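Q: Have a look at this one.
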Amino acid sequence: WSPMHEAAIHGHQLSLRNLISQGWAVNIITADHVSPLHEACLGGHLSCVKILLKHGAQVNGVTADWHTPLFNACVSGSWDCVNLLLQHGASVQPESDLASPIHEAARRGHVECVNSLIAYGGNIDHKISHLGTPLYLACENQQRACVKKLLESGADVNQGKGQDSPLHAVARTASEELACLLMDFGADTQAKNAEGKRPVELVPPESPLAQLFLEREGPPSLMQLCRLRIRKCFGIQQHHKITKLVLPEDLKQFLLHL
Amino acid sequence: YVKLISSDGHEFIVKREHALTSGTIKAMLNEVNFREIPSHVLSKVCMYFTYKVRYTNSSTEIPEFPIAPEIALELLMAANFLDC
Amino acid sequence: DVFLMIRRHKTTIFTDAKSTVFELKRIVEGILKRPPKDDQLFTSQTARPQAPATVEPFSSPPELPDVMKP
């Protein structure tokens, strides 16, 4: 048994500071290689994370189930923990396809966590075989605000899971809201997946999605075409530099999707 | 057929029904002067009109409309002013 | 159908056709009023609506902004 792990599970920051001062180690791990820092992050217990880091907890330890403290913080949703770990050099890019921080945060709709992972150099387009891109999982789970954050950041609107594009996952889902969104960022409506099928063919007979994929089977407006082209010139999370252009404010906001 | 005239003097003759892709022109409608759109933009704008009309439902795959970055901003301003 | 730009001086005609040069010379007649290529006197691929074939030069685009560079 372990008082340090036990205190960290429940967010007992007083018990933790007590244990530390009596001489208990902070880098103690179980047989599964779980440290008290892992458990603190899992619970989103920011005070306990601070205390453990101050006393030299390791931020990149990997459990037997391939979880890192950063991964757990992404499960908890505590943006403060995620941020704090990123500051202390938590590795953004894991080794396991079973515990990808950016995907877990995306499937759970933890936008702010996603945002930070990208900011710290994470690959926004990381394509894991059996999951897809973070864009793809956010779509599958109908996480509207992750999708909009990912697209705005410069995520490739067409990379999903295998040959199945995000527009496909969205069609199965029947999300009219997410469909419009993907199309604003240039999703290909004419793409075929592993079954040869196109997105329109996966949407219920009774939906306006069918009319949406087909009424907009024509070409986008020239303004839409110019926007896609201009945004294509900026790197991930650089689109804000559109501010520095000599252009009417109305158009900067259009390019920024605001 | 209508005459669209750019800012540096070029005259563009296009089919009227094509030029009607611009709501802005549709309003003003046999000779339209454009004191702010330069020839290297207005030419692309006419090409877009042709592209738009031709592919406005041909049950085929619509191909990409090529846009060099160096003209994108002026072209966006034109597309905005022309509502297309 | 084949989509072409007919250019001569500071004027440009935007039209489309197929068959032969003969009637094409008269197409101009019924537009700019006159009697009926590269340095000389046309396919689905060489003249697309969005990329017309040319049959006085246009203005030169301004420099690319710095934020928009690689």
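Starting from 1 in every chain, residues are counted up; chains themselves are A, B, ... following the order of the structure tokens, and ligands are numbered from 1 as listed.
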Residues of stretch 1-82 of chain B in strand (DSSP E) according to DSSP, as a list in words?
A: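 The strand (DSSP E) subset of stretch 1-82 of chain B is residues 2, 3, 4, 5, 11, 12, 13, 14, 32 and 33 of chain B.
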Q: I need the chosen residues saved as a PDB file, in the first residue's frame, with C-alpha atoms.
A:
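Final file, again35.pdb:
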```pdb
ATOM      1  CA  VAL B   2     -20.736  42.719 -72.050  1.00  0.00           C
ATOM      2  CA  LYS B   3     -17.558  44.788 -71.820  1.00  0.00           C
ATOM      3  CA  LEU B   4     -15.778  44.691 -68.468  1.00  0.00           C
ATOM      4  CA  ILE B   5     -12.995  47.253 -68.211  1.00  0.00           C
ATOM      5  CA  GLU B  11     -11.214  45.485 -72.086  1.00  0.00           C
ATOM      6  CA  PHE B  12     -12.782  42.090 -71.358  1.00  0.00           C
ATOM      7  CA  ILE B  13     -15.611  40.856 -73.551  1.00  0.00           C
ATOM      8  CA  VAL B  14     -17.508  37.986 -71.942  1.00  0.00           C
ATOM      9  CA  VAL B  32     -18.869  48.239 -67.015  1.00  0.00           C
ATOM     10  CA  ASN B  33     -15.844  50.190 -65.817  1.00  0.00           C
TER      11      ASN B  33
END
```
Q: Can you list, as an NGL selection string, every protein, DNA or RNA residue that comes within 8 Å of stretch 120-124 of chain A when you count only C-alpha atoms, leaving out same-chain residues fewer than 3 positions away?
A: :A and (86 or 92-93 or 102 or 116-117 or 133-134 or 150 or 155)
Q: Under the rule of at most 9 Å, produce a per-residue listing of chain B near chain C: chain, number, name, the closest pair of atoms, and the distance in Å, as a tab-separated table, using only C-alpha atoms.
A:
```
residue	atom	partner	partner_atom	distance
B:1	CA	C:31	CA	8.1
B:8	CA	C:59	CA	7.3
B:9	CA	C:10	CA	7.1
B:10	CA	C:10	CA	4.9
B:11	CA	C:11	CA	4.6
B:12	CA	C:12	CA	4.9
B:13	CA	C:13	CA	4.7
B:14	CA	C:14	CA	5.0
B:15	CA	C:15	CA	7.4
B:38	CA	C:59	CA	6.6
B:39	CA	C:58	CA	5.5
B:40	CA	C:59	CA	5.3
B:41	CA	C:61	CA	8.5
B:43	CA	C:58	CA	8.5
B:44	CA	C:50	CA	8.1
B:46	CA	C:14	CA	7.9
B:47	CA	C:50	CA	5.1
B:48	CA	C:50	CA	6.1
B:49	CA	C:50	CA	8.4
B:50	CA	C:49	CA	5.4
B:51	CA	C:49	CA	4.9
B:52	CA	C:50	CA	8.6
B:54	CA	C:49	CA	7.2
B:55	CA	C:49	CA	9.0
B:63	CA	C:50	CA	9.0
B:64	CA	C:50	CA	8.7
B:65	CA	C:50	CA	6.2
B:66	CA	C:50	CA	7.7
B:69	CA	C:64	CA	7.3
B:70	CA	C:64	CA	5.2
B:71	CA	C:61	CA	6.1
B:74	CA	C:61	CA	8.8
```
Q: What are the closest atom pairs, with distances in Å to one decimal, for all residues of chain A lying within 8 Å of chain B? Consider only C-alpha atoms, order rows by chain and residue number, and present the result as a tab-separated table.
A:
```
residue	atom	partner	partner_atom	distance
A:190	CA	B:61	CA	7.2
A:217	CA	B:57	CA	6.8
A:218	CA	B:56	CA	4.8
A:219	CA	B:52	CA	6.4
A:221	CA	B:84	CA	5.4
A:222	CA	B:84	CA	5.7
A:223	CA	B:79	CA	5.4
A:225	CA	B:65	CA	7.8
A:226	CA	B:76	CA	5.7
A:227	CA	B:76	CA	7.6
A:229	CA	B:67	CA	7.0
A:230	CA	B:72	CA	6.6
A:233	CA	B:69	CA	7.9
A:247	CA	B:73	CA	8.0
```
Q: Got time to write the residues from that selection, N, CA, C and O atoms, as a compact mmCIF listing (two decimals), in the first residue's frame?
A:
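New file selection-v2.txt:
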```
# COMPACT_ATOMS: atom_id res chain seq x y z
N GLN A 190 -16.46 15.00 -52.72
CA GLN A 190 -16.42 14.01 -53.81
C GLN A 190 -15.38 12.92 -53.56
O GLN A 190 -14.94 12.25 -54.50
N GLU A 217 -23.07 20.92 -54.88
CA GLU A 217 -22.30 20.01 -55.72
C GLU A 217 -21.65 20.89 -56.78
O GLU A 217 -20.72 20.46 -57.45
N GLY A 218 -22.13 22.13 -56.90
CA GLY A 218 -21.53 23.12 -57.79
C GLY A 218 -20.23 23.61 -57.18
O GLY A 218 -19.75 23.02 -56.22
N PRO A 219 -19.66 24.68 -57.73
CA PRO A 219 -18.39 25.17 -57.18
C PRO A 219 -18.65 26.21 -56.13
O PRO A 219 -19.69 26.86 -56.20
N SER A 221 -18.13 29.72 -53.82
CA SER A 221 -18.00 31.07 -54.33
C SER A 221 -16.50 31.40 -54.48
O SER A 221 -15.66 30.81 -53.82
N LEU A 222 -16.18 32.35 -55.36
CA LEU A 222 -14.80 32.80 -55.51
C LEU A 222 -14.21 33.31 -54.17
O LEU A 222 -13.04 33.08 -53.86
N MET A 223 -15.03 33.95 -53.34
CA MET A 223 -14.56 34.33 -52.01
C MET A 223 -14.18 33.09 -51.20
O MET A 223 -13.16 33.06 -50.51
N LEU A 225 -13.20 30.24 -52.44
CA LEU A 225 -11.99 29.76 -53.07
C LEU A 225 -10.76 30.56 -52.68
O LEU A 225 -9.68 29.98 -52.59
N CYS A 226 -10.92 31.87 -52.49
CA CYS A 226 -9.78 32.72 -52.12
C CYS A 226 -9.38 32.48 -50.68
O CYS A 226 -8.20 32.42 -50.35
N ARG A 227 -10.37 32.28 -49.82
CA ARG A 227 -10.08 32.01 -48.43
C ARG A 227 -9.27 30.72 -48.21
O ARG A 227 -8.31 30.70 -47.43
N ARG A 229 -7.32 29.29 -50.22
CA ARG A 229 -6.01 29.49 -50.82
C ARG A 229 -5.10 30.30 -49.92
O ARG A 229 -3.95 29.95 -49.71
N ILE A 230 -5.63 31.39 -49.37
CA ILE A 230 -4.90 32.24 -48.44
C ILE A 230 -4.56 31.51 -47.12
O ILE A 230 -3.42 31.58 -46.63
N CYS A 233 -1.56 29.17 -46.95
CA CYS A 233 -0.21 29.79 -46.85
C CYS A 233 0.35 29.91 -45.42
O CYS A 233 1.52 30.21 -45.24
N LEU A 247 -5.75 44.85 -45.39
CA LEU A 247 -7.00 44.28 -45.82
C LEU A 247 -8.07 44.82 -44.91
O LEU A 247 -7.82 45.07 -43.73
```
Q: Using only C-alpha atoms and a distance of at most 9 Å, pull out the residues of chain A that contact chain C, as a PyMOL selection string.
A: chain A and resi 230-231+233-235+238+241-242+244-245
Q: Write the residues you've just listed into a file as a compact mmCIF listing (two decimals), in the first residue's frame, and include N, CA and C atoms for each of them.
A:
```txt
# COMPACT_ATOMS: atom_id res chain seq x y z
N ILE A 230 -5.63 31.39 -49.37
CA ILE A 230 -4.90 32.24 -48.44
C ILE A 230 -4.56 31.51 -47.12
N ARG A 231 -5.50 30.77 -46.56
CA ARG A 231 -5.22 30.09 -45.30
C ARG A 231 -4.19 28.97 -45.49
N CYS A 233 -1.56 29.17 -46.95
CA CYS A 233 -0.21 29.79 -46.85
C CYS A 233 0.35 29.91 -45.42
N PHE A 234 -0.50 29.74 -44.42
CA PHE A 234 -0.08 29.84 -43.03
C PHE A 234 0.09 28.46 -42.46
N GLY A 235 1.00 28.35 -41.51
CA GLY A 235 1.27 27.10 -40.84
C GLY A 235 0.31 26.94 -39.69
N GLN A 238 -0.80 29.86 -37.10
CA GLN A 238 -0.13 31.06 -37.57
C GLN A 238 -1.12 32.00 -38.23
N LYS A 241 -1.66 35.76 -38.00
CA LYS A 241 -0.81 36.73 -38.70
C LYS A 241 -1.56 37.40 -39.84
N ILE A 242 -2.74 36.90 -40.15
CA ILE A 242 -3.65 37.54 -41.10
C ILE A 242 -3.99 38.95 -40.65
N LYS A 244 -1.89 41.04 -39.71
CA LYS A 244 -0.87 41.98 -40.17
C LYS A 244 -1.05 42.37 -41.65
N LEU A 245 -2.05 41.82 -42.31
CA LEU A 245 -2.23 42.10 -43.73
C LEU A 245 -2.95 43.43 -43.94
```
Q: For residue A:72, please output as number ranges by chain all residues within 6 Å (counting only C-alpha atoms; exclusion window: fewer than 3 positions along the same chain).
A: A: 41-42, 69, 75
Q: What gap, in Å, lies between atom CA of residue A:91 and atom CA of residue A:13?
A: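 Atom CA of residue A:13 lies at a distance of 25.2 Å from atom CA of residue A:91.
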Q: Using DSSP on the backbone coordinates, identify all residues within stretch 53-256 of chain A classified as helix (DSSP H, G or I); present the result as a PyMOL selection string.
A: chain A and resi 53-54+69-76+79-87+101-107+111-119+134-140+144-153+166-173+176-184+199-202+208-215+222-231+239-244+249-255
Q: Quote the spacing between atom CA of residue A:176 and atom CA of residue A:208 in Å to one decimal place.
A: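 Going from atom CA of residue A:176 over to atom CA of residue A:208, I get 7.9 Å.
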Q: How many Å lie between atom CA of residue A:27 and atom CA of residue A:57, rounded to one decimal?
A: 5.5 Å
Q: Quick one: everything within 9 Å of residue A:236, counting only C-alpha atoms, minus sequence neighbours fewer than 3 positions away in the same chain. Send it as a PyMOL selection string.
A: chain A and resi 118-119+124+152-155+239
Q: Given the selection you just returned, output its residues as a file containing N, CA, C and O atoms, formatted as a PDB file, in the first residue's frame.
A:
```pdb
ATOM      1  N   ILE A 118      -1.377  21.362 -29.237  1.00  0.00           N
ATOM      2  CA  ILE A 118      -0.946  21.895 -30.530  1.00  0.00           C
ATOM      3  C   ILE A 118       0.095  22.998 -30.358  1.00  0.00           C
ATOM      4  O   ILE A 118       1.141  22.988 -31.021  1.00  0.00           O
ATOM      5  N   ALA A 119      -0.190  23.932 -29.458  1.00  0.00           N
ATOM      6  CA  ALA A 119       0.686  25.073 -29.215  1.00  0.00           C
ATOM      7  C   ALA A 119       2.094  24.641 -28.852  1.00  0.00           C
ATOM      8  O   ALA A 119       3.073  25.302 -29.203  1.00  0.00           O
ATOM      9  N   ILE A 124      -0.914  17.989 -35.372  1.00  0.00           N
ATOM     10  CA  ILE A 124      -2.360  18.152 -35.309  1.00  0.00           C
ATOM     11  C   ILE A 124      -3.001  17.150 -36.223  1.00  0.00           C
ATOM     12  O   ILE A 124      -4.166  16.815 -36.076  1.00  0.00           O
ATOM     13  N   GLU A 152      -9.752  25.587 -37.411  1.00  0.00           N
ATOM     14  CA  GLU A 152      -9.200  26.939 -37.331  1.00  0.00           C
ATOM     15  C   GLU A 152      -7.695  26.948 -37.201  1.00  0.00           C
ATOM     16  O   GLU A 152      -7.051  27.859 -37.693  1.00  0.00           O
ATOM     17  N   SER A 153      -7.152  25.940 -36.526  1.00  0.00           N
ATOM     18  CA  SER A 153      -5.724  25.840 -36.295  1.00  0.00           C
ATOM     19  C   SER A 153      -4.946  25.425 -37.537  1.00  0.00           C
ATOM     20  O   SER A 153      -3.741  25.628 -37.602  1.00  0.00           O
ATOM     21  N   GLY A 154      -5.619  24.822 -38.504  1.00  0.00           N
ATOM     22  CA  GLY A 154      -4.980  24.458 -39.757  1.00  0.00           C
ATOM     23  C   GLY A 154      -4.950  22.964 -40.015  1.00  0.00           C
ATOM     24  O   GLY A 154      -4.253  22.474 -40.909  1.00  0.00           O
ATOM     25  N   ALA A 155      -5.711  22.229 -39.221  1.00  0.00           N
ATOM     26  CA  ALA A 155      -5.787  20.800 -39.397  1.00  0.00           C
ATOM     27  C   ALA A 155      -6.327  20.549 -40.781  1.00  0.00           C
ATOM     28  O   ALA A 155      -7.170  21.312 -41.268  1.00  0.00           O
ATOM     29  N   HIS A 239      -2.357  31.536 -38.387  1.00  0.00           N
ATOM     30  CA  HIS A 239      -3.360  32.246 -39.171  1.00  0.00           C
ATOM     31  C   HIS A 239      -3.681  33.601 -38.582  1.00  0.00           C
ATOM     32  O   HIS A 239      -4.182  34.477 -39.274  1.00  0.00           O
TER      33      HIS A 239
END
```
Q: So which residues touch residue A:23 within 12 Å, counting only C-alpha atoms, skipping near sequence neighbours fewer than 6 positions away, as a PyMOL selection string?
A: chain A and resi 3-4+16-17+55
Q: Within 10 Å of residue A:210, counting only C-alpha atoms, which residues show up once you throw out same-chain ones fewer than 3 positions away? Write them as a PyMOL selection string, please.
A: chain A and resi 171+174+199-207+213-216
Q: Please produce a file of the residues just selected, as a short mmCIF file (atom, residue, chain, number, x, y, z; two decimals), in the first residue's frame, where the atoms kept are N, CA and C atoms.
A:
```cif
data_model
loop_
_atom_site.label_atom_id
_atom_site.label_comp_id
_atom_site.auth_asym_id
_atom_site.auth_seq_id
_atom_site.Cartn_x
_atom_site.Cartn_y
_atom_site.Cartn_z
N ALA A 171 -21.17 12.34 -41.97
CA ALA A 171 -22.37 11.92 -42.68
C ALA A 171 -23.10 10.79 -41.96
N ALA A 174 -24.95 12.04 -39.20
CA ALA A 174 -26.03 12.93 -39.65
C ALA A 174 -25.95 14.36 -39.07
N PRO A 199 -19.48 10.76 -49.37
CA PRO A 199 -20.20 11.11 -48.14
C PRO A 199 -21.73 11.16 -48.29
N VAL A 200 -22.25 11.73 -49.38
CA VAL A 200 -23.70 11.87 -49.59
C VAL A 200 -24.48 10.54 -49.54
N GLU A 201 -23.76 9.45 -49.79
CA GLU A 201 -24.37 8.14 -49.92
C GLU A 201 -24.55 7.51 -48.55
N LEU A 202 -23.99 8.13 -47.53
CA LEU A 202 -24.08 7.58 -46.19
C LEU A 202 -25.07 8.33 -45.32
N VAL A 203 -25.80 9.27 -45.91
CA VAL A 203 -26.71 10.09 -45.12
C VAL A 203 -28.11 9.63 -45.40
N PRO A 204 -28.90 9.51 -44.33
CA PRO A 204 -30.29 9.07 -44.32
C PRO A 204 -31.10 9.70 -45.45
N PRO A 205 -32.09 8.96 -45.95
CA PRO A 205 -32.88 9.41 -47.10
C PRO A 205 -33.63 10.72 -46.80
N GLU A 206 -33.90 10.95 -45.51
CA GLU A 206 -34.79 12.01 -45.04
C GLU A 206 -34.08 13.27 -44.60
N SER A 207 -32.76 13.33 -44.83
CA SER A 207 -31.98 14.48 -44.39
C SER A 207 -31.74 15.48 -45.52
N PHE A 213 -25.06 18.32 -49.65
CA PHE A 213 -23.92 17.83 -50.42
C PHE A 213 -24.13 18.02 -51.94
N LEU A 214 -25.39 17.94 -52.38
CA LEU A 214 -25.78 18.05 -53.81
C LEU A 214 -26.10 19.47 -54.33
N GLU A 215 -26.77 20.29 -53.52
CA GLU A 215 -27.04 21.68 -53.93
C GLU A 215 -25.72 22.44 -54.02
N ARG A 216 -24.77 22.04 -53.17
CA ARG A 216 -23.42 22.59 -53.17
C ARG A 216 -22.51 21.58 -53.86
#
```
